[PDB]
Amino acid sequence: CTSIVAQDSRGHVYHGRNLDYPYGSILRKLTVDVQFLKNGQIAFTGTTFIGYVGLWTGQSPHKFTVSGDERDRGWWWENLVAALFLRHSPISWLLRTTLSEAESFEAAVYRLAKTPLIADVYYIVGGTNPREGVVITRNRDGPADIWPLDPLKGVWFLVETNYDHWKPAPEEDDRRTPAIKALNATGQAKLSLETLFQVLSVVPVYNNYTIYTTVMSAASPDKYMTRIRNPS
């Protein structure tokens, strides 16, 4: 996958992601944007596949945006015990529960960071105010690291793919560098939804496994935009 939370020169937080998964030819036909309602009002918006009740990409309007990237670490039997004996929570279900119950960007990063899971994951969260953007590297028991935005220090964007950000990306699957390089060229001044969408369209960040690309901003919920990709 590839999740990106970034902050522009004026202080807006933008969020975009790529969902890379096999079985593309089938899932591109099932991809949908779902607006979960409450008392008639939109309580949050998500993107999933018909028949999949979890969310890997969502947005609570005027609060936060969250997306998830795969983190393969551990052994097969740790997911079995975590799910059966300990009653942990799936990843795509905790991401949706947070979009529904979390009242603020801080409470959304607390739940996503501390709630026990069945497997590891990277939860990339965005907010409505400046400097609100973290990348939660999760264990099954709790958080393993929290990577925050720091514009004044020269870190105005966080690029998460499928590997720990404090380690060198593998040479075989290094989608981090081209996403960083393309973000360096875009510049913190001209960063917008459309310019972020272009970063997620740069090979190999945009690969044959990309099913859809979402770009969103919690402060401007109506600009939530998902585009199904037909890689070639």
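Residue positions are given as counts along the sequence shown, with the first one as 1.
Comparing 95 to 103 with 154 to 162, the stretch with the higher mean C-alpha B-factor in the PDB entry is 154 to 162. In this entry, the higher average B-factor at the C-alpha atoms falls on 20 to 28, of the pair 216 to 224 and 20 to 28. Between the residues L37, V66, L193, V34, it is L193 that shows the highest Cα B-factor in the PDB record. The residue among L55, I42, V199, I50 whose C-alpha atom has the highest B-factor in the PDB entry is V199. Looking at the C-alpha B-factors along this chain, the one for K114 belongs to the lowest third.
When the modelled residues of the chain are ordered by C-alpha B-factor, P130 sits in the middle third.
The entry lists a Cα temperature factor for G187 that places it in the highest third of the chain's modelled residues.
Among all modelled residues in its chain, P61 ranks in the middle third by Cα B-factor. Annotation for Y123: C-alpha temperature factor in the lowest third relative to the rest of the modelled chain, per the entry.
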